[PDB]
């Protein structure tokens, strides 16, 4: 303890998190926050048709959002209300290319129905001299709740369990997000009983709890990037990809 | 590759194997046979009656 | 199916097995692999100096493959009578019957007698065969690439013609492949071109141009056989044959 | 002396600059994923010399190679520098597809994010992905045909742009070292595609 | 034996062949013909990167060619020189839709390299009174062999093992096709060392050995359809789908 | 030869094809190796040696 | 590879037609009982190729 | 340090070892010493009598070292094409990699 | 130490130049000779080939090639590692130009 000896290597240890063929690193301990106990598989109750998780490609980390967080942002200021199963697709399509192009998301192009736990890391690179604090909060099926527009504020997400991202520590926020929804499976396209609100489990949202503060000549911006593993998933109901429609623009 | 530095055998060439000799004497050849262990054989009805 | 036999109508009383001549001539001809190793004429040439060659220049270079070189009857005025007449051979005829191979070759080049000069032989695993055209012996011209000269790393050997004028070889299997193509080759993939020849042997005299004049238009026959380790793979039926005794007479 | 004892030695092979004002998409390098990684000297010579990694010289002697490479990255920074960068690997990129790349297409295939903060170095271990059990030399004895281009390409985009304090430098150097991996191995011996600089004289055979 | 009793059900037994979620039937015994012994896996020698067969979707039966076979076709007359890994993709694209649409073929949209045994059934429905006989013959890397144009005739494929499809029996021709190629893996897109001849193991080809013969007022046409399982496969080298190019038109 | 001539129904073809396949028998065997009497079609060029 | 493993593979060698109106005596083929059974290709070449 | 490796970011699943071609071609190329013993062209010359030599006079003399002779492209008019083209070789190329020898 | 090939019997003398130096081990890179006694620290020796022909017969020998080969001879053992000096890629060398 208390015996620094930086070398060419630098000082601290670097913890990893390999999945399929994607390794990614964080110098800091993740501030994990797990809204629910891990989901039961549930293919048993609602699918004769062939079911298969694609662990070797669906479980890879893949970016879904990135954003500057300048000092100009006022105390309570959303940076990103990401939907999650959708943003994984909506961001790709927003980046002007089809879902089929990206290995993580090809099974969505085909299978009619999805289920499964998600993982979301909200990595940041604030400088050590900056002062601020994001919160990252997952809120299940937000869109279904019409009064959410009033709840959607840092006072209101701090009550449910939520990750904290201090800009001083440049802390990285892990966020396990086990499946919970009124219906056991989320459709990946228009489906006979619903159309609107497709593949929408709920929403990650990253409200600011403390705006960046810095010396007048200090570093203004603080970029953030959000990877999303899609691990214990399972897909069911094989179907042609021509039925698939591009995700709502958001 | 160990080197083999010791002195070589010292033999004298001759152009040809003996023509006269014809008994207790192996006589090396460039056989036009395919198999190198092959040798003419006599099926039981083709046996050499006359010694 | 091909080898199915629905209902045999046997008439034959059983014939004595001969063991493929084992019971007569004392030697089995059952395994076709052991016949493959009898040596065959592979190519043939009359040396033709063009540029004023140095000590290092290769005199000729040929790809080395079991399939056999593309057959070279020669020009209409000056046929190579054996390939003109004795079409192809045995080993290429059986190479006709399979689609992949994976093995060694042996060569035993027979240089002209009158020349005394030393002779080097490169093997060049690097080289890709470039289509069935230019799968033939090539008389290299002026040096322009490294193709025309002796090279350091490539495995090589140097016969002294004065002592014995027939270098014998063992071209090995160096390819980054499961196993090479074996029929005629038109090169579809660009990387398919590494998938045929074992290498690209190059023979070259060390004579200075003053002595190279003795060498001109002296024959250099070449032989080959499949080298024990060879193993052809997938069966493929024979392409149409052309009967040899039916070839036209010279006509007086 | 051994091919592996030589292959297992880093030699500096590239020196990326990494300024603060590189946006999130910016490329830093895209050196090929074959041992023959390169760094030309800006010499006055008609025939320019090149630096090589030890793996890049010991592997020029051999027709074929296979197995992992290892690019150590020394991101030279004070602990007060912070940033993040992708170090991806795309199998099967022909030179026409060498362009059209950006970090987001890169994320689709194998890659490795890294977080420059306190520890300031890592060692991405490049995978051997090819249809060919070995792989043929990128160059060759002076003979242009039979010079297959590299199996796949490395990339190193800046996933999160550097965010320096005012009292530390806007720019960070990044050293790229190459080393034969644990499984790096070579087979067939042929002409080296490299010559020593002990004598750089050369003589054209113009016929004029 | 020799005791027919047809009912509403009809007479004979119906053998099946389920795979993933595709069952398909043949009243007749398949005339299997297996060119090579089953392939070794070979991901070991040429792929660090994550490898995964997709048994739950790649192994499904899917049609690749269908063709009328009228009495007008002369004795030696090709009906279809299908390439196989390509026709599975080339037919889909020929049918005016992208590879991503079809569940069997999505992994090809992503992974740079493919390997693995194929299965091909050449089902037919000739009437019992028709007389004729297809042969179905698999010929490895046909395109590499320039003299094939002379070999490509029924006398020349009957020497290698080949399926026979009598039109009298309306026999169905199974055809296992284990991987063999000079290179252990077949690329699914332009690749650094080759471009042309992409994903081309070789070619199935269905020459006629006996033209249909029938009474002048009998049924002229005889349709044929060719399904292709892609079973013991494995894919390697994950890569973006934007690199993928539509298969050569054939 | 046709020992009893074919007797088709009116609704089936008047003609029947017959394929003749050849295979070396169980006891088929060959001995002495000499020049093949066959050449590949890979190159069917030939050159008469007319003296004219 | 073996002479017997190659010999034990059928290759189509002849294709007799067999019409209804062939009387009881009609010949269909009389190919020689040696392996060199034949089927000429009707090519344009000066030296015609043969199947075997 | 040079061979240090601070923090490996493994992505690779383990690749089969080939034993340097031992598993394919039947021969290891691991030891570079055994390749060093394949013979290499060392020098080359056209004999040039000058003085009226007796029985005893040496025709030519060269130093014998692993490093390789200083490379001799030859005169611009008459290049020795191999050293001009196939620069140096293998053994000198590896002799480039070490600072002392004893053999 | 010497040896005498008979060209008539076989025209390729084969050798084994041994290690005779009063040194731990010799220099191996290019050599500029700093110490005067450093000069003994490189070459194994200094081989000399010579024909026994009288001048009347020496005319046959003029401008006849004499190629030489070498290999490190089993007992060789290079020591200290030293990184490669810059290489010069060979396929990039200029064409003869027609």
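By letter and in written order, the chains are A, B, C, D, E, F, G, H and I; residue numbering begins at 1 in each of them.
Methods note: a contact is a pair of C-beta atoms (placed from the backbone, for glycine too) under 8 Å apart; a residue touches a chain by one contact, two chains touch by 3 or more.
Novice: What chains touch subunit B and also subunit E?
Specialist: Expected: C.
Novice: How many angstrom lie between the centres of subunit G and subunit I, each centre taken as the mean Cα position?
Specialist: 69
Novice: Using the average of all C-alpha atoms in each chain as its centre, how far is it in Å between subunit D and subunit H?
Specialist: About 26 Å separates the centre of subunit D from that of subunit H.
Novice: Taking the mean of the C-alpha atoms as each chain's centre, how many Å separate subunit C from subunit H?
Specialist: 31
Novice: Listing for subunit F: what residues touch at least two other chains?
Specialist: Subunit F, residues with two or more chain partners: 14-17, 19, 21, 23, 29-30, 33, 37-38, 41-42, 44, 46.
Novice: Among the residues of subunit H, which are close enough to touch at least two other chains?
Specialist: 6-7, 9-12, 14-15, 18, 25, 33, 36-38, 40-41, 44, 46, 70, 81, 85-90, 94, 96-98
Novice: Check each residue of subunit E and list the ones that touch at least two other chains.
Specialist: Those would be 45-51, 110, 147, 150, 155-156, 158-161, 183-184, 191, 193, 195, 209, 238-242.
Novice: Go ahead and list every pair of chains that touch.
Specialist: A-D, A-E, A-H, B-C, B-I, C-D, C-E, C-F, C-G, C-H, C-I, D-E, D-H, D-I, E-F, E-G, E-H, F-G, H-I
Novice: Residues of subunit A touching subunit D in their complex?
Specialist: Against subunit D, the touching part of subunit A is residues 6, 8-14, 21-28, 61-63, 66, 95, 101-104, 123-129, 170, 172, 215, 217-219, 221-225, 227.
Novice: What does subunit D use to touch subunit C in their complex?
Specialist: 61, 63-64, 66, 132-137, 140-146, 148, 187-192, 205
Novice: Which residues of subunit G touch subunit C in their complex?
Specialist: Result: residues 1-4, 6, 8-11, 41, 46-52 of subunit G touch subunit C.
Novice: Going by the contact rule set out above, which residues of subunit E touch subunit H in the complex?
Specialist: 44-51
Novice: Could you list, by residue number, the parts of subunit E that touch subunit C in their complex?
Specialist: That would be residues 31-33, 35-36, 139-141, 143-148, 150-151, 155-164, 180-184, 191, 193-197, 200 of subunit E.
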